[PDB]
Amino acid sequence: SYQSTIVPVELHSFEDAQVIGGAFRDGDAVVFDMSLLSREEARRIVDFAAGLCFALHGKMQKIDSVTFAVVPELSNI
Amino acid sequence: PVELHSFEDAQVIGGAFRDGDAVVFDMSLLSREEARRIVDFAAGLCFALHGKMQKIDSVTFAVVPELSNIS
């Protein structure tokens, strides 16, 4: 299946979750930074991302305190 | 109708919804924080599977899977 190299996303508010969701839903891995978000917002981003991962059997990884990644299930027929 | 007790129940909603079932959940027993975490998780769930979330009232929401239609 098609998938670009990992999509980077710099977050500024919870609404940006949509960018992560869009790319992840379309088969792309996404790494996003939460350096500029409040503690509350960061938490909302991760709960939304966990919802995305559970729904499509994706995997979420923590790179560091402000950097996380969601990776789609491997495409193998 | 799922009665939530903690954020850990997000999996109950998720499992059912992922299996193609509509889920209506009550958040009466949840803290303001937990309630919000549940809805954010559920929103990720719906976004991922092209589902729909509806607010029934302040403590009751529903996530509904995309309708199966083949042409």
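Cβ atoms come from the backbone with ideal geometry, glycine included; neighbour counts cover every protein chain shown. All of the numbers you see were taken from the coordinates with simple rules; none came from a lab.
List the residues whose amide H sits under 5 Å from the amide H of A:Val9, counting only those 5 or more places along or on another chain, with H placed 1.01 Å from N in the peptide plane. Those lying under 5 Å, H to H, from A:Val9 are A:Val31, A:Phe32, A:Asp33.
Just checking the listed ones, A:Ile45, A:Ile63, A:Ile20: in the Gaussian network model of chain A with Cα springs under 10 Å, the one fluctuating most is A:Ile63.
Loop-located GluC sites (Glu not before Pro) across chain B with a Cβ neighbour count of 11 or fewer within 10 Å are B:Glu66, with loop assigned by DSSP.
Most simply put, chain A has about 70% antiparallel DSSP beta bridges, counting only bridges with both residues inside it. Applying Stokes-Einstein at 37 °C and 0.692 mPa s to the Kirkwood radius of chain A, computed over alpha-carbon pairs, gives a translational diffusion coefficient of 266 µm² s⁻¹. Considering helices alone, the calculated mean residue ellipticity of chain B at 222 nm is -11500 deg cm²/dmol, with DSSP H runs of length four and up weighted by -39500 (n - 2.57) and normalised per residue. Charges were assigned to the Cβ only: +1 to each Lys and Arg, -1 to each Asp and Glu. The resulting dipole of chain A about its Cα centre is roughly 240 debye. Relative to one another, the C-alpha centroids of the stretch A:1-51 and the stretch B:6-45 are positioned 20 Å apart.
Note on B:32-41: average number of Cβ atoms from other chains within 10 Å of each residue's Cβ is 4.
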